[PDB]
Amino acid sequence: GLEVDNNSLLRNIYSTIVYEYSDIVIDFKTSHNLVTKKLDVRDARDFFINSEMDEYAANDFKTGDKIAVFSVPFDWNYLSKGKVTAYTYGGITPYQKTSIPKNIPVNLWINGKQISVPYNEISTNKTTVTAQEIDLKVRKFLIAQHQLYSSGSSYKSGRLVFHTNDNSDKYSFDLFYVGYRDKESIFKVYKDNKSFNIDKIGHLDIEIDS
Ligand SMILES: [K+]
Ligand SMILES: [Zn+2]
């Protein structure tokens, strides 16, 4: 697709509302899905979240486990009376009683030039945080402050790299991945339920280029 079209696409895709719940129990766990118990009430209907993830990642959970959710939906189901289920990818971490707010340093380069990013721009209260949560916070920031996906923007490529301080290769997201041009494919990059120990993330390295 063309630059202008990819921008409009991603701008709309990442404008999608994010779901954040710190304490919920898994009602059902299957090979590659987790379904929460009632989260709350949205538009008069009882709200539930279904998380799709690689079987390898799902192996980490069992029915009854207490978990936290931070994810973006790609579909909704209203076929059941007084009920609504949002479908998402990963975004699941073990329940954490006490919040531990921590800022994650960010290094940003736009078209080769380094740009300062405030100390408190990206943060999380989790000791085990998903790459998805960080990505969502990063893109919201970039869209609001650095013209990411904006109309009239010349950007065409970019990446968010998690520069961890361990022996693992650096995990990253492609900021201009468009898949099949819909939420189902674009958000599918979160299916691995990738997460990090907060003390292992040294900082984030972001590149955006035209
Ligand atoms: K990726
Ligand atoms: Zn780095």
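Position 1 is the first residue of the sequence, and the numbers go up from there. Atoms within each ligand, like the ligands themselves, are counted from 1 in listed order.
Distance check for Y177 against the K ion (ligand 1): none of its N/O/S atoms falls below 3.4 Å.
Using a 4.0 Å cut-off between a side-chain N of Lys or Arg and a carboxylate O of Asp or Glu, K137 and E133 qualify as a salt bridge. Salt bridge present: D46 and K38 bring a charged side-chain N and a carboxylate O closer than 4.0 Å.
Counted by atom type alone, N111 and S210 present one or more donor-acceptor pairs between their side chains at under 3.5 Å.
Taking the centre and axis of the six-membered ring of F196, the NZ or CZ atom of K194 falls inside the cone set by 45° and 6.0 Å.
For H163, the N, O or S atom with the smallest separation from the Zn ion (ligand 2) is ND1.
Around the Zn ion (ligand 2), the angle linking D205 (OD2) with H203 (NE2) is 120°, rounded to 10 degrees.
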